[PDB]
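*Asks:* You'll find input-v4.txt just under this line, and it carries compact mmCIF, C-alpha atoms.
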```txt
# COMPACT_ATOMS: atom_id res chain seq x y z
CA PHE A 679 27.99 25.73 -35.91
CA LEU A 680 24.45 26.22 -34.60
CA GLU A 681 25.67 26.15 -31.00
CA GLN A 682 28.42 28.71 -31.60
CA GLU A 683 25.76 30.90 -33.16
CA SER A 684 24.14 31.99 -29.90
CA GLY A 685 23.55 28.88 -27.86
CA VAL A 686 24.93 26.61 -25.16
CA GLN A 687 28.41 27.22 -26.59
CA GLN A 688 28.67 30.57 -24.81
CA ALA A 689 25.68 30.06 -22.52
CA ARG A 690 26.91 27.13 -20.44
CA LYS A 691 30.68 27.53 -20.50
CA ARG A 692 30.51 30.36 -17.98
CA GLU A 693 27.25 29.25 -16.31
CA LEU A 694 28.78 25.93 -15.26
CA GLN A 695 31.85 27.25 -13.47
CA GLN A 696 30.36 30.48 -12.12
CA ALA A 697 27.28 28.79 -10.64
CA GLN A 698 29.24 25.84 -9.25
CA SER A 699 32.03 27.88 -7.65
CA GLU A 700 29.71 30.58 -6.32
CA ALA A 701 27.14 28.17 -4.88
CA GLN A 702 29.75 25.86 -3.34
CA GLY A 703 31.78 28.65 -1.77
CA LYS A 704 28.69 30.47 -0.52
CA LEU A 705 27.16 27.36 1.03
CA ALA A 706 30.43 26.35 2.71
CA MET A 707 31.04 29.86 4.03
CA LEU A 708 27.45 30.11 5.26
CA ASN A 709 28.04 26.83 7.08
CA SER A 710 31.07 28.59 8.56
CA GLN A 711 28.78 30.82 10.62
CA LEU A 712 26.85 27.73 11.72
CA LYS A 713 30.12 26.16 12.88
CA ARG A 714 31.00 29.38 14.72
CA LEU A 715 27.57 29.48 16.38
CA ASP A 716 28.16 25.91 17.53
CA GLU A 717 31.56 27.06 18.83
CA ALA A 718 29.90 29.85 20.81
CA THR A 719 27.13 27.63 22.20
CA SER A 720 29.61 24.87 23.17
CA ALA A 721 32.77 26.57 24.45
CA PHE B 679 36.11 34.30 -39.32
CA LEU B 680 33.05 36.45 -38.65
CA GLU B 681 33.44 36.01 -34.90
CA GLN B 682 37.12 36.94 -34.89
CA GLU B 683 36.12 40.04 -36.83
CA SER B 684 34.67 41.93 -33.87
CA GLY B 685 32.34 39.57 -32.08
CA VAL B 686 31.99 37.06 -29.27
CA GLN B 687 35.54 35.90 -30.03
CA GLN B 688 37.03 38.82 -28.11
CA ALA B 689 33.80 39.89 -26.41
CA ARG B 690 33.12 36.84 -24.26
CA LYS B 691 36.58 35.43 -23.62
CA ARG B 692 37.32 38.13 -21.07
CA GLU B 693 33.69 38.76 -20.05
CA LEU B 694 33.27 35.17 -18.87
CA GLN B 695 36.24 34.99 -16.52
CA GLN B 696 36.22 38.61 -15.33
CA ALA B 697 32.51 38.64 -14.50
CA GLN B 698 32.58 35.20 -12.88
CA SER B 699 35.66 35.76 -10.74
CA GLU B 700 34.70 39.30 -9.74
CA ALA B 701 31.09 38.46 -8.88
CA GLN B 702 31.99 35.28 -6.98
CA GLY B 703 34.78 36.87 -4.97
CA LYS B 704 32.75 39.99 -4.23
CA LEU B 705 29.69 38.04 -3.09
CA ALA B 706 31.74 35.70 -0.89
CA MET B 707 33.69 38.58 0.64
CA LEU B 708 30.48 40.55 1.22
CA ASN B 709 29.14 37.47 2.99
CA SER B 710 32.33 37.69 5.05
CA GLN B 711 31.04 40.83 6.75
CA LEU B 712 27.72 39.07 7.38
CA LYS B 713 29.61 36.21 9.05
CA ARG B 714 31.56 38.73 11.13
CA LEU B 715 28.35 40.52 12.15
CA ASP B 716 26.98 37.15 13.26
CA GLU B 717 30.23 36.64 15.18
CA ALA B 718 29.76 39.98 16.94
CA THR B 719 26.08 39.39 17.73
CA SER B 720 26.76 35.85 19.02
CA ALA B 721 30.07 35.93 20.91
```
I'd like the structure from this file rewritten - as structure tokens, please.
*Replies:*
Amino acid sequence: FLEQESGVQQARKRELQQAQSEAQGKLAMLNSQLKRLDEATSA
Amino acid sequence: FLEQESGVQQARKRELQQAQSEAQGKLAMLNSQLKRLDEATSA
């Protein structure tokens, strides 16, 4: 009851997925440009 | 009962997913143009 009244109940449940998905996708896609730079500098 | 009567019950349950999906997709796809600019400036 305490949680549903303005706590982790509606704090985390978005935080978890949004932060995880955003950070993972952004880091992988930023590594994409690193892979492409390696492509350019190799062949 | 209080929540279902005009509160977080129907406030958050869209807010969470819409904000998360929109923000994540928009930030990743905006980083797409950054990756493409790096492509252009590299090779």
*Asks:* Just to confirm, what's the straight-line distance from atom CA of residue A:703 to atom CA of residue B:703 in Å (one decimal)?
*Replies:*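 Atom-to-atom, atom CA of residue A:703 to atom CA of residue B:703, that is 9.3 Å.
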*Asks:* Could the residues of chain A within 6 Å of chain B, counting only C-alpha atoms, be given as an mmCIF file with C-alpha atoms, in the frame of the given file, please?
*Replies:*
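Produced file out34.cif, reproduced below:
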```cif
data_model
loop_
_atom_site.group_PDB
_atom_site.id
_atom_site.type_symbol
_atom_site.label_atom_id
_atom_site.label_comp_id
_atom_site.auth_asym_id
_atom_site.auth_seq_id
_atom_site.Cartn_x
_atom_site.Cartn_y
_atom_site.Cartn_z
ATOM 1 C CA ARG A 692 30.510 30.360 -17.980
ATOM 2 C CA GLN A 696 30.360 30.480 -12.120
ATOM 3 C CA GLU A 700 29.710 30.580 -6.320
ATOM 4 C CA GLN A 711 28.780 30.820 10.620
#
```
*Asks:* What gap, in Å, lies between atom CA of residue B:683 and atom CA of residue A:685?
*Replies:*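 Pair atom CA of residue B:683 / atom CA of residue A:685 returns 19.1 Å.
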*Asks:* Just give me the gap between atom CA of residue B:704 and atom CA of residue A:684 in Å, one decimal is fine.
*Replies:*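 Distance reported for this atom pair: 28.2 Å.
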